[PDB]
Number of protein chains: 2
Amino acid sequence: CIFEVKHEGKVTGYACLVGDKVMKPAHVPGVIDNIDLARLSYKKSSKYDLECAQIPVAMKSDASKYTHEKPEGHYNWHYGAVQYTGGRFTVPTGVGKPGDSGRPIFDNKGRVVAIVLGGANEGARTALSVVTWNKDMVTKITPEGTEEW
Amino acid sequence: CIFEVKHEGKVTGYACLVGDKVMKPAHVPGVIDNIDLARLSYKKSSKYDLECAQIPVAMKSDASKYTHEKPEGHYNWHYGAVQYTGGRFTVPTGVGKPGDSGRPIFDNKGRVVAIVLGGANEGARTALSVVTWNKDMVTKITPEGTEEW
């Protein structure tokens with residue numbers, strides 16, 4: 001469910017299969033490294049820093065489910081645990097870096113709860129800028145001091 | 001009917017109101033410099049290098065007409081005349097340059113016949129890569145050696 005985005009031969013970030021969409025953070029430079037995904041029509045929102053295409057039918061079963069449900073505790077991503085408390089996702093400073101935008105954060109059922117956009121270095125911890133969902137709609141939540149990834 | 005696209009305070013290219021659509025070359029970085037247009041959701045695809053939205057009600061009457069009709073001769077753009085011969089729009093080399101993507105080309109009735117994407121330097125003249133109309137449908141025509149502008 002995760003695809004590299006590349007520019008000039010380098011991985012710049014990721015797109016992920018979420019719900020029935022191919023989702024990519026808009027700010028990530030380059031092209032998704034699948035020629036068919038790269039050619040789809042994407043609905044682009046500057047407000048949410050998001051581009052989303054309808055998932056190819058052949059890939060529909062590979063998509064992750066997703067949810068607005070975000071009880072406090074810990075969640076999962078490529079690098080390990082993501083804390084969620086007081087409406088903030090945090091990780092240890094240094095785990096994430098430029099090149100990690102587009103990676104999903106998941107609950108233990110495998111449901112996507114957020115897509116990483118960047119991180120604000122707050123000392124020992126880094127607070128993530130994310131696309132995430134409330135019960136009604138998508139949102140973008142960006143801590144002060146965020147560096148886009 | 002023509003708007004600047006800007007990124008980091010710099011003009012990066014242009015978007016046009018044509019028919020029912022806001023038309024911007026997809027590859028141009030930045031956001032359209034208009035309060036209404038910036039807040040729309042766009043459909044973006046590499047197929048024609050277009051990023052489009054429905055024109056807001058308030059702006060519909062400002063849209064340009066368009067046509068598929070491209071008899072040979074000369075057409076009009078920001079910098080003067082554009083030659084059209086053998087299926088190719090050409091201008092003198094150096095008249096258009098990086099930053100001129102999204103500018104429209106018009107006939108003498110004021111109908112848009114093409115939107116500039118880039119140019120192929122052919123020596124004294126440059127052949128333009130364009131979106132243009134075949135019957136009712138957009139198409140992308142890109143001379144060999146095109147640089148996206």
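Laboratory data are not the source of any read-out in this text; all were calculated from the coordinates shown. Quick reminder, even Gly has a Cβ in these numbers, built from the backbone with ideal geometry, and neighbours come from all protein chains shown.
Taken over the alpha carbons of the range A:2-62 as equal point scatterers, the Debye sum produces base-10 log I(q)/I(0) values at 0.14, 0.25, 0.28 Å⁻¹ of -0.34, -1.07, -1.27. Working from Cα pairs under 8 Å separated by at least six residues, relative contact order for chain A is 20 percent. For B:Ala81, inter-copy separations between label points set 7 Å beyond Cα along the Cβ vector come to 7.4 nm, shortest first.
Sequence-ordered 3J(HN,Hα) estimates for the range B:31-42 from the Karplus curve with 6.51, -1.76 and 1.60 and θ = phi - 60° stand at 10, 4, 7, 8, 4, 6, 5, 5, 8, 7, 8, 10 Hz, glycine and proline given as x. Once the cut-off is 24 Å, how many percent of the Cα-Cα pairs in the protein assembly as shown end up in the long-distance tail? Across the protein assembly as shown, Cα pairs with separations above 24 Å total 57 percent.
Multiplying the residue separation of A:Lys60 and A:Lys43 by 0.36 nm and removing their Cα-Cα distance gives an extension gain of 4.3 nm.
Closest approach of any chain A Cβ to the axis that rotates A onto B belongs to A:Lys44, 3, distance given in whole Å. How high is the FRET efficiency from B:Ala81 to B:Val11, r the C-beta distance, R0 25 Å, rounded to 0.05? Approximately 0.60, to the nearest 0.05. DSSP finds beta bridges in the protein assembly as shown, and of those with both partners inside it, around 95 percent are antiparallel. Taking the square roots of five times each eigenvalue of the Cα gyration tensor of the range A:102-149, the equivalent ellipsoid has semi-axes of 20, 13, 9 Å, listed largest first. Across chain B, Cα-Cα pairs farther apart than 21 Å form 39% of the total. Taking 15 Å as the straight-line reach from the Cα of A:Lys140, the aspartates and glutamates in range (excluding those fewer than 8 positions away in the same chain) are A:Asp49, A:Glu51, A:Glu148. Straight-line cross-link reach from A:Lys65 at under 17 Å between alpha-carbon atoms covers these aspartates and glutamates, not counting any fewer than eight positions away in the same chain: A:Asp20, A:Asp107, A:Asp136. Of A:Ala124, A:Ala53, A:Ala81, the residue with the greatest mean-square motion in the GNM of chain A, using alpha carbon springs below 10 Å, is A:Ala124.
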